[PDB]
Amino acid sequence: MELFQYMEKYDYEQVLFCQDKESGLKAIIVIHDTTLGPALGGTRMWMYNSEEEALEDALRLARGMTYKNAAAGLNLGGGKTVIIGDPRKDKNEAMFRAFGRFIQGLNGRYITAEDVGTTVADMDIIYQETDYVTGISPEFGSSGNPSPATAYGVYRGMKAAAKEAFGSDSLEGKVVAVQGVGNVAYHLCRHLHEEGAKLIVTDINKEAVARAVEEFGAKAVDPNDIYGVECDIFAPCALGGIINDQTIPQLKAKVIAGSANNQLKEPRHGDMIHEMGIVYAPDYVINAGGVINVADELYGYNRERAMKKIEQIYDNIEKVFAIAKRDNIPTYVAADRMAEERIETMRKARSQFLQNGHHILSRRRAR
Amino acid sequence: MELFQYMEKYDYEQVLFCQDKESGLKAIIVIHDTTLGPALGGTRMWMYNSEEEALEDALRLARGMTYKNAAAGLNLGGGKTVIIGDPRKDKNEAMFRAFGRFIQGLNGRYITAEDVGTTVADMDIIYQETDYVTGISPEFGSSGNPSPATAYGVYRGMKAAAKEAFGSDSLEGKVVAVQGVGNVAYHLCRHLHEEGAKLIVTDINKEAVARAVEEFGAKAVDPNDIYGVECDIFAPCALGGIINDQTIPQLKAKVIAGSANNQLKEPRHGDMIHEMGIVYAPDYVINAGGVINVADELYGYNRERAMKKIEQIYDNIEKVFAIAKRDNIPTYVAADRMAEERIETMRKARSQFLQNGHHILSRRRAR
Amino acid sequence: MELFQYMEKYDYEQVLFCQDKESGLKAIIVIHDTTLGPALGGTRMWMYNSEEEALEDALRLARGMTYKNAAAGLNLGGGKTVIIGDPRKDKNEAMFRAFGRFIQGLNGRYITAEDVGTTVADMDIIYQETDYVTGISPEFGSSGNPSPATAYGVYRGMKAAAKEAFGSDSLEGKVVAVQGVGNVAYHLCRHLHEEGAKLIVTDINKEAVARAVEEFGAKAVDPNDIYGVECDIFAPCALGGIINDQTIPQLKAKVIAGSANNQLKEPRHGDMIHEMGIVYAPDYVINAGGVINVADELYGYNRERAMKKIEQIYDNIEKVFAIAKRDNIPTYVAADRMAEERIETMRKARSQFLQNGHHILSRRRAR
Amino acid sequence: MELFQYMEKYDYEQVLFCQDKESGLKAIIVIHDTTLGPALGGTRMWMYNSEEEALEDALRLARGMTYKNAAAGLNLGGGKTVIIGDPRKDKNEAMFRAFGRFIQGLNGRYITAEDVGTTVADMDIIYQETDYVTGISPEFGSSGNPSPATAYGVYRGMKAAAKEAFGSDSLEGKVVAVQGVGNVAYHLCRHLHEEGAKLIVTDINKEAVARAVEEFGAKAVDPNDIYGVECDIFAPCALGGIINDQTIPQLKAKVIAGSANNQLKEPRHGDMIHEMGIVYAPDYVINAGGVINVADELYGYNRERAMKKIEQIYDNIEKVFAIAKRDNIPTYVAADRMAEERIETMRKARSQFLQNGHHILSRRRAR
Amino acid sequence: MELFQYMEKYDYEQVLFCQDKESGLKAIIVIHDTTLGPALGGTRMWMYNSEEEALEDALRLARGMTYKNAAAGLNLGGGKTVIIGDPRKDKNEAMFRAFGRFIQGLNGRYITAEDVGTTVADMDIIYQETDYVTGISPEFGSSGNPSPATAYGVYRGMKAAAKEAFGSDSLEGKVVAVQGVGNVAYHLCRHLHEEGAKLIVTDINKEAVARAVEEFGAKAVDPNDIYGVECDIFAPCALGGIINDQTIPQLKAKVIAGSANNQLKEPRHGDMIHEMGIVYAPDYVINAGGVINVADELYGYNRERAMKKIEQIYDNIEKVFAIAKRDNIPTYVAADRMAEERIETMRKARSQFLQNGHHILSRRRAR
C-alpha cells in the first residue's frame, strides 16, 4: 500500500496492528489526530476479503472522525478500530479481554465506542479491562438513547438551514420529505409534527410507513419516487451514495439536511449542488448528535448538559454557511475548513505552560 | 492427611490456619485458584468432631467454588472459610474482629461472604476490619434479595434445557414438578406461573404447600411420591444426595434442572442419567444466580446490571450442552471442562504486560 | 506482506507505525512478547529501499530480542524499533521528541535502548520525553562500558563450553583463535591472557593486530586463513554469516564461542556442526552481557550487581548443553527451547492473584 | 496612572495583564486581598475607550468585592476580572480557553464567576480548562436561581432595619415603596405580600407594573415621583447614583434598604442621611445573597445550607447598626469597619501552625 | 504606555505587578513565552526614576531571555522580574518571603534566578517559600561556578566562528584580543593559552592586566586602543554598546566573539558588519553557558551533564551561520530566526496527546 506515504500525506499519527492467537483477535487501531483531545472512535467488526481493505477502511474512518469531532465542538480527536472477523461466528470473551488490554496499553490516548459490528455487551467485556470505553454505564444504559439525540441534532441543523434558505427558522407550513422511517427519522418526524410542519415519509418496509401515516399524518409514498416529490426540505436518512448522476435532476427541493452518512457520492456532486443553488448542509455536522451523546458520558452522564450541547448544531451549521459565503466555496469544503481552523487555533491558543492542565480524562472536583 | 499430597493433586494454592486465643477463633481459609481474580468464598461456621473433617470440607468447597465462579462468567477465584465452633453458643464480637484482621492480612487475595453458619450481622463486625467482604451494604441490604436472583437463574437455565430437549424454549403447556416450597422455589413457581406452565409442588411442611396451591394453582402432593409423578421437567430444590440407586427408576421425566446443591450423589448416577437420555443440566451452573448477585456488589450495587448478568445462565447451559455434544461426554463432566477451558484461556489471553491493569478490586473512574 | 499471517504464525503482539510530518519521523515499533516483562529493544536507524524491508527487519529483530531476553534470565520481553531514515543527513531534535512522546504513549510497555544507527545523544532527547529509555544516566555514562561486560560474558560462556568439551574449565594451556581485535575482543584477549592461555589474533586493520601482539603476545595472522589455524577454541567476533559451505571444512577446532551476531548463516550449518561434534555454544546466549548491562540500569545502576548477573552466562550455557544432551537436538534448537520453556513456566508459575505486584518498572523501597 | 502608588495606598496584592494574540484576549485580573480565602470575583466584559478606564474599574471592583465577601461571612477574598472587548462581536471559544488556562496558572488563588458581560455559557468553556469557576454545575443550573436568594437576603436585611427603626421586625401593616419590578424586586414583593405588608411599586416598563398590580395588589405609580411617596421603607432596586442633591429632599421615608448597587452617589450624601436620621442599611451587605449563593457551590451545591447562610444577613445588618451606634459613625463607614475588623481578627486568630489546614478548596471527607 | 499594544505586538503572555506594604515590595514579573517550558528568568533589583522605566526594562529582558533559552537548546521559556528598590538600603527578609509566595502562587509557571541586584543569599529566603528558584543548592554552591561555564561556552563558540572564517577550528597560532580581565575573560584566557594561542589582553584595572601578563604571557595594552590592534579574533568581555559609529573603522579583525551582553549598539551596526565581511557570531548564543549551568540544576546538579550540554554551543553557532548563509541575512537576524523556528517546530511536533507528559519540573524515576 506504501503505508507511510498515505500516512504522510494526511498526517496520520499512528496505525497499530493488534493480534492475539489464543483468542483469534486481529485488530487495526488507527489514530489520525490527537491535538484537541484523546482519539474517540468506534469499534467496527466486519469480514473483509483481505487486510488492505480493512486498512483503507480504518484510515478513511479515522480521518472522518477527526473532522466530525472537531466540527462538533468536542475536545476529542479522531480514530477508528477495525476488527477483522465475522460478528456472527467469531466472537468470544477472550478477544475482547485481549483487546481491552491493548486499549489500556495506550494509556487513555484512544477511547472506544460501539459501531457497526459490535453491541453494548462487547463494550462490557472491554470495560472489565479498561476505563477508556464509552456507552457502558447503567446511567447511559437507561437515559442515553442515541436516536432522540441524533434526531434533535437533525432538527436544529434543519432549523439553521431553513433560516439560511428562507430567512426565518419557522417550519410552520413547510413540506419535509423523509426517506427511511428508522428510529432517528421517526423521532425527527415527531419533532417536525410537534412544530407543525407537513410531512411526506417513505421507507423500504411498508409497516413503518403505515405506522408513520397512522401517527403523524403523512403520505405513503413509494421508495423510488421520493426524489421527484415537490418539497422544500429533503431529509435523507437511509443510506449513502444517494446524490449521484442518476438522482440529481429529480430534486424539486432546495434544502438537503438528513441524518445519513456519506450523502454525497463524489465531491463533484457537491460542486453541482453548489452550482444549482440547493442549500446543502454537510452530512457529518448535522448528524453529530449521537457522538456528542456518547462523549458526554466521560463527564459522568447528565441528560440536560448533553442536550444543551446538542442544541449548538444550529450555530455549527450557521458557521459552516458563514465560511461558505466568506470564501465562496461549497459547503462540504466549508465544513472541512471550519474543522481545520478549529484544530489550528486550539493548538496555537492552548500553548502556554501549565503543570496541572485539564483534559477530557482528568479527575477533578465533584461540586 | 498428608496434606501436601492432596494439595498437589488438585493444585490448591493455600490453606491457612487462623487462631486467636482470647476470642476462641479457630478458622481454616482455603484458597484453590486465583487465576481469574480474587478468591470469593463463603464463611461457614459449624461444629465438627475433629480438625480433619473441617479441613476436608473446606478443601472440597474451595474446589467447588472455583468451578462455580469460573462457569458463571465471573472474574473471581475459588476459596472457602470454615470456622470451627458452635454458631448457637460460641459467637462474640472479638472472633470476627480478629478474623477480619486476618482477612485484611491477605490484602484482597480472599473475599468473604455469608454461608451456612453466619448471618449478615457477623459480616458487619468483619466489615469494621476489612473491605473484602460482600453482602454488607444498605443498598444490597435493601434491593439485594438472593432468592429472586437464584430463581431467575433457575428460570433461564430451565429455558435453556427446554430448548435442548424440546426444540423451543416455550414452557406454555408443560408440567413442572418442584419439591420444596422454599423462597427460591416459591419465586420459581411465580415465574413459571406468569409464563403459563402447569405446576406440581410439594414440601415437607403442609403450610407452604397450602400457600402454593392457594396462590399458583398446583397439586398438593406427598413428599415421598414426587419422583413418580409424570412430568417433563423435575426441579429439585430441597436437599442433595437425591439421585441415587433408590430414586433413579421412578423418574417419568426427561429434564432435571433445580436450585439444589450436590444433586448427583455419585458421578456414576450422572453416567446412568447420561445413558437414559434424561437431559441433566449441571447443578452448580443453574443455581449460580446468588453468587452473581453477591459478586455484583463489588462494583457498587446496581440491580439492572446484576439481573442482566444473571440472564446469561441461558447461554452458560447452552455452552455446557454444546461441549457435551462435542466431546460425547456427560454434562457434569462438560461443566468442569467448560470451567477449566475458561481458566486456561484467560490465563493465556491476558498475558501481555500492563503496569496499570484492572481487576475486580481496582479503584476506577466513576462515570 | 499479508502481515497478520506473519504475526499469527509467531504470535507477535503488536506492530506500530509512528509518523510525524513536521519532523520527518517514520518509525516501526514491533513488540513480540511481553509475558516476562516490558519489551526492551534497540532503536535502529537505517535507510531502506522500501517499507517492507524495514518491516521484515523489525519483526526478525523483535523475535530475536525475545529469545535473548528470555535466555539471559531477565524479566524483559522482546521488541525492536526501526526508524526509516539516514543517520548522517536526517536527524534533528524534533523527531526524537516526537518519538519519545510515542514511547510515553505506550505507558512503559516498551523500553528503548541504542543500537546500530543511534548514539547516546539521541537517547537524551528521548529522555526529555520519557523514562522508558536505558543508557542515559551519568552513572551508566561513567561506569557502564558495554564492551568489558560483553567480554566478561564471552569469558564465562567459553569457560562453560570448555568444561563441556574438555572436562575442566581451566584454559591454562589452550590455543584460542580470535578474529577481530575490536573492543570486546580486546578485553576478551585481556581476560584470556590474565588466565594464561595462548592466543592467536587477527583483524582487518593491521594496527589493532600490532597492538594485540605488542600487548598480549599473539601471532599476527592474515584475515583469510584464521579458519585453518589449528586450535581448540575459535572465537568469532567480527561479522555474521561466517559458518557457511565455503568455511566449514577448514576448521581444525572443536569449540566455537564468540561475541558475533548471527554466526550460523543457515540452520543446516548448525546441523552440520552438530554432526561433526564441534561443540557450538549458541550465539545469542554468549554475547548477552551487554543487554544485561543496559538492563541493570533500570534498578538504579550498580556495577557489582550487574557483573554478578553477567557471571551466570556460565550456568546459561550449561543449561543449553543439558537440554541438548537431554533431547538429542542441536544446540541452536536447545537455546530456543530453553527460552520457550522459561516463558511458559513463568507464565504458569506467576499466576496467583496480587493487587500490588512488582515488575521491572515498579517504584519500591530504597533500602 | 502611577499604578504602584494606587496599589500601595490600599494594599492591593496583584494586578495581572493577560493577553493572547491568536484569540484576541486582553484581560485584567485584579486581586486585592486573599487573607480570608481565595479571591472570588466576577468576570466582566465591556468595551472601554482606553486601558486606564478598565484598570480603574477593575481596581474599584476588587476592593468592593473584598468588603462584600468579608461582611457576608464568607472565607473568600476580593478580586475582579475585566476583559476588554465587545460581548456582541468579539467572543469565541479560544479566548475563554486561553483565559481558563490563565486562571489555572494561578493555582486556585483566584476563583471566577459571571458578571455584566458574560453568561453561563462562557463559564463552561472556562470550566473545560479549570475548576476555579462557579456557576457551572447542573445542580446550580437547576436549583440555583440567584434572584430568589438575593430577594431573601433583602427580606432579612429589611427585617433587621425594621427592628432597628421601629422596635419590632413585624412588617404587618407597613408601606414599602419599590422601584423596578425586576426579578429580585418581584420575588421581594412576593415575600412582602406573603408577610402581609402594603406595597407600592413602579418600574420603567408598564408591563411589569401591570403584572405587579395584578398579582400582589399595589399602586401603579409613575417612575419620577416614587421618591415623594409617603412610606416607611424605600427599597431601591433599579440603578445606582440615586441618592444625590436632586433626590434627598423628597424622601418622606425613614428606612432605605434595597438590592441596588452603588446606592449612595457620594459619601457626603451618606453623611446627610446620617444627619437626617433616615436609617440607612448599607448597600453591599443587604444584596449579598447572590454571592453567598454562588459561593455555596464550592462545597457541592445544597439549597438548604445556602438559604441557612443567607438568613444571617439579619445578624449582619444588626452588627452594622451595633458598630454604628458604638462609634457614632455613619453606617456606610460602619460596614467597612465591620469588614476590616473581621479581616484583622481572622488573621490574628488563625495563626497557629497546622500542616493539614482546611480552606475553601480543600478536598475533604464526604460524610 | 498603552501596555496591551506593546504586549500584542510581540505576544507577551503576562505582566504581573506584585506589591506588599508591610515589607515594601514592588515587583514586576514579565512572562513572554512559555511554549517550550517554564519561564526561567533573573530577578533584578535596581532603583528607577519611575514605573515605566522598570516596565520597559522587564519587557525587553523577557523577550531577550525567550530568544536566549530557545537558541540554547533548553526546554525553558522567557521571563524576567524587576524589583523596584535600592539593593543597598531596601532589602529585608519580609520582601523576599512575600516574593517567594508570589512565585509559588504561579505554580511553577515562572522559575527565578539571580541577576544584577540580587545575590545567592536572597535566593535562600525565596527558597524557604518555593521550589521554583535556581542557584540555591550546596551542590551548585560548591561545584557550580558560573564563569568557567561561560568561558567554556565562549571557547566553543570561538571554535565555531574560527572554522567558519578560517576553514579549521585550530587556534594554534592566532592572535586573540580580549578586553576586560574579569573572571569569564580570565578563564577564557586560560583555555586559549592551554590551546596555544597568542593573547593580547586589556582591562580598566592595571592589577588584572598585570596578573594576566604574569600568568598567560600577553601584552599590557591601554584600554582605549584595543580596537586598532591587528588581530584575527576580538573577544569583547566588558560592557555593551561597544560597536558604534565611533568604533567601527578601527577594527583590523574579522571575527567578533565575546561574552559581553548587548554588543551591537543598534542593528544598523550589525548590517555594517555584515557588509564588511567581519564574521559576527551573535551575542546571546555565545555567552549562553551560564544559563545552561543554572538550568541544569533543575535535574539535580551534575557537572558532567552540564558541561556536555555547554559543548553544543559549537553546533549552535554552526546552525546560526548555516541559516545566515541560507537566507543571505545578517547573523543577528539569523539567531532570532533560529530561535523562532525552534519554538514553532516544537509547538507543531509535541502536539499528540499524553496524559502523563514530562516537562522540566516533572518528578520522575531516579535511576
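Residues numbered from 1 in each chain as written, not as in the entry; some residues may be left out. Chains lettered and ligands numbered in written order. Part of a larger assembly, values for the part shown. Heavy atoms only, no water.

Secondary structure assignment for chain A yields 13 helices and 10 strands. Against the globule reference of 21 Å for 367 residues, chain A gives a C-alpha radius of gyration of 21 Å, in line with a compact fold. Along the longest, intermediate and shortest principal axes, the C-alpha atoms of chain A span 55 × 50 × 50 Å. In chain A, which comprises 367 residues, the proportion classed as buried is 61%. Summarising the internal contacts of chain A: among those between residues at least 6 apart in sequence, 65% fall at separations of at least 24. Of the roughly 14,500 Å² that chain A leaves accessible, carbon and sulfur atoms contribute 46%. (Helix = DSSP H or I, 4+ residues; strand = E, 2+ residues; numbered from the N terminus. Rg over C-alpha atoms; globule rule 2.2 N^0.38 Å. Buried < 20%, exposed > 50% of the residue type's maximum accessible area, 1.4 Å probe, protein only. Contact = heavy atoms within 4.5 Å. Areas by Shrake-Rupley, 256 points an atom, 1.4 Å probe, with all protein chains shown as cover.)

For the coordinates displayed, the defined rule picks out 124 salt bridges over all chains. We note a salt bridge from C:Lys325 to C:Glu164, for which the minimum N-O separation is 3.1 Å. Here the residue C:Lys325 occupies a position in helix α12 (residues 313–327), and C:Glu164 occupies one in helix α5 (residues 146–166), the gap between them amounting to 161 residues. Look at C:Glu164 and you get partly exposed, because its relative accessible area is 34%. Connected via shared salt-bridge partners are A:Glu93, A:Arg97, A:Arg101, A:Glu129, B:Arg342 and B:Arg350. (Salt bridge = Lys/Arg side-chain N within 4 Å of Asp/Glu carboxyl O.)

Moving on, we come to the interface of chain D and chain A. On the chain A side, the residues contacting the 29 residues of chain D number 19 residues. Overall, the association of chain D and chain A removes approximately 2,300 Å² of surface from exposure, summing both partners, and the carbon and sulfur fraction of that is 41%. For the interface between chain D and chain A, the tally reads five salt bridges. Here A:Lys308 ties to D:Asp124 by a salt bridge, and the two come within 3.6 Å at their closest N and O atoms. In this assembly, chain D and chain A are joined by 12 residue pairs in polar contact. Counting only elements with at least two residues in the side of chain D that touches chain A, the list comes to α3 (93–104) and α4 (138–143) of chain D. By residue number, the principal contributor to the side of chain D that touches chain A is α3(D), which donates seven residues. (Buried area = accessible area lost by both parts, 1.4 Å probe. Polar contact = N/O pair within 3.5 Å; in protein donor to acceptor, adjacent residues only side chain to side chain.)

Moving on, we get to empty space enclosed by the protein. Residues and elements named next belong to chain C. Applying the stated criterion to the full structure yields 16 cavities of 30 Å³ or more. By volume, the largest cavity is sized at about 80 Å³. If you go around the largest cavity, the residues you meet are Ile226, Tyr227, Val229, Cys231, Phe234, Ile242, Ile243, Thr247, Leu251, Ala253 and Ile256. For the lining of the largest cavity, the residue count by class is 10 nonpolar, one polar and no charged. (1 Å grid on protein atoms, 1.4 Å probe; cavity = no way out; pocket = protein on both sides within 12 Å on 5 of 7 lines; lining within 4 Å. Points joined across faces, edges and corners; volume = space filled by probe spheres on them. Nonpolar A, V, L, I, M, F, W, Y, C, P; charged D, E, K, R; others polar.)

To continue, consider the domain arrangement of chain A. Where the parts come together, the accessible area they lose is often given as the size of the interface. All names here are of chain A. You can read the domains of chain A as domain 1 (1–66 + 77–133 + 337–367) and domain 2 (134–336). A separation of 27 Å is found between the C-alpha centroids of domain 1 and domain 2. With 16 residues of domain 1 in contact, the opposing surface of domain 2 contributes 18 residues. A buried area of about 1,400 Å², summed over both sides, lies between domain 1 and domain 2, and 63% of it is on carbon and sulfur atoms. By the criterion of area lost to domain 2, the three top residues of domain 1 are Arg337, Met338 and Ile360, representing 47% of everything that side buries. Counting every contact that joins domain 1 to domain 2 gives two salt bridges. (Domains from an automatic or database assignment.)

Next up on the list: unusual backbone geometry. Residue and element names in this part refer to chain B. At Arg367, a position not held by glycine, the phi torsion is positive, near 55°. On the secondary structure map, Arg367 appears in the segment after α13 (331–349). Owing to a relative accessible area of 18%, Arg367 belongs among the buried residues under this scheme.

Among the nonpolar cores identified, the biggest contains 182 residues, and A:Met158, A:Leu188, C:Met158 and C:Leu188 are the most heavily contacted of them. Formed by 179 residues, the second largest nonpolar core is a distinct cluster that contains D:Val176, E:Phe102, E:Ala149 and E:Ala151. (Core = buried A, V, L, I, M, F, W, Y, C linked by side-chain atoms within 4.5 Å.)

Moving on, we get to the arrangement of the chains. Regarding chain B and chain D, the two do not touch, and the least distance separating their C-alpha atoms is 15 Å. Taking C-alpha atoms only, the smallest gap left between chain C and chain D, which are not in contact, amounts to 21 Å.

Among the residues making up helix α1 (residues 3–10) of chain C, those that are buried are C:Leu3, C:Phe4 and C:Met7. Projected down its long axis, α1(C) carries its buried residues within an arc of 95°, all on one side. Elements in contact with the buried residues of α1(C): β1 (14–20), β2 (25–33), α2 (51–71) and β4 (77–84) of chain A together with β1 (14–20) and α2 (51–71) of chain C. Where α1(C) terminates, the next one or two residues include C:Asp11, which has phi positive at roughly 60°. (Arc of directions from axis to C-beta.)

What follows covers the interface of chain C and chain A. With 26 residues of chain C at the interface, the matching set in chain A holds 26 residues. Regarding the contact of chain C and chain A, the summed buried area is about 2,500 Å², with carbon and sulfur atoms giving 56% of it. Ranking the residues of chain C by area buried against chain A places C:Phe4, C:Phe17 and C:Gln19 at the top, with a combined share of 29%. Taken together, the connections running from chain C to chain A amount to two salt bridges. Among the salt bridges present, the one from C:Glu8 reaches A:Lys26, with a minimum N-O distance of 3.0 Å. Summed over the shared surface of chain C and chain A, the result is 12 residue pairs in polar contact. Mapped by element, the contributors of at least two residues to the side of chain C that touches chain A are α1, β1 and β2 (25–33) of chain C. Residue contributions to the side of chain C that touches chain A peak at six residues, all from β1(C).

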